[PDB]
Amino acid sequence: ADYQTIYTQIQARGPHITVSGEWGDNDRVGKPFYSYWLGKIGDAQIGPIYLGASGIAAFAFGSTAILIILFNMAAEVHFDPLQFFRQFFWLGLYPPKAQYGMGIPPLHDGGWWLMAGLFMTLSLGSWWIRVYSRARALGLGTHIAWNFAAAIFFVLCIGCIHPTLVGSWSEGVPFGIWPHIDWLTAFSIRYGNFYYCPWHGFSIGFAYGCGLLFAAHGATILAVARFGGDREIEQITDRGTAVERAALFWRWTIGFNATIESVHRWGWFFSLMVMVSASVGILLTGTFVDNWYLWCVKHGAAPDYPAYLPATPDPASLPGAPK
């Protein structure tokens, strides 16, 4: 067996290295230290970490959102500390229960939620700049920043843009562990079953597809760690037996194959599209489609099944039904 693919048998210790940025080198704060147990399944050195303006900004806005949320949650168990720790998951910070339209809601009915919502956004923006800048400082392409951008956009979509598109803040995602979860059902229910939204189908496809792809990629690279498959950059500029063998595994199995670079593109594409497909799905919901199941029905896509228990008329529609 190759135990190296399971864990690092003999860890190497050596001097801390620093690749110099086009700026910010003096913002790397902290002394590297080394975990021996971490060393067994990853690199042993934790820290240093770059500080920097964008990052500090992100930290500051993010922490303000958290204070707004935690403070409203704390109010909900009436500032009882033990009931706070007990009911945490159930605690939430909500949007307009009431229809204010796009009216700025009172602090008590969604005011605080738009606040936290706003600061969280600035937090995501600041962080994005950090993620984009660090690449440029280090002389790298910006592929990560752009994959991140799609993810943030998706949040914006369920957070702001959809609620704005239909004209109601009431539709936004609450903050809280069970609350943001309950929203998923409320939103699905209101819009006629998200299983029947084509773009939810695409998203899941790409999501499952990432599981498929990272299992197959990760496993492919462990399978050729013996030949230095893990050194992907140099297998790109100078193809070696690692990626030849990896490529042939996949050719002999499925009939076609990637290269060691292009598979990271398929990977990147599939990740990106989870969020991109999701965003379209949301932009279409409310704006142009009210009932996704009914929409499918309209277009002929829906399965239908026999009654098993007898078919039940709507009592409401009975002649001489109450209301």
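Note that residue numbering begins at 1 and tracks the sequence as displayed.
Mean CA temperature factor is higher for 167-175 when stretches 194-202 and 167-175 are set side by side in the entry. Taking the mean C-alpha B-factor of each stretch as recorded, 208-216 and 122-130 are not equal, and the higher mean is that of 122-130.
The top Cα temperature factor in the record, among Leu38, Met273, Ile282, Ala258, falls on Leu38. The top Cα temperature factor in the record, among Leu140, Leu107, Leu91, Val243, falls on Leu107.
Sort the chain's modelled residues by C-alpha temperature factor and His78 lands in the highest third, per the entry.
The deposited CA B-factor of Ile144 belongs to the middle third of values across its chain.
When the CA B factors of the chain's modelled residues are split into thirds, the value for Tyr100 lands in the highest one.
Looking at the C-alpha B-factors along this chain, the one for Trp295 belongs to the middle third. Ranked by C-alpha B-factor against the other modelled residues of its chain, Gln235 falls in the middle third.
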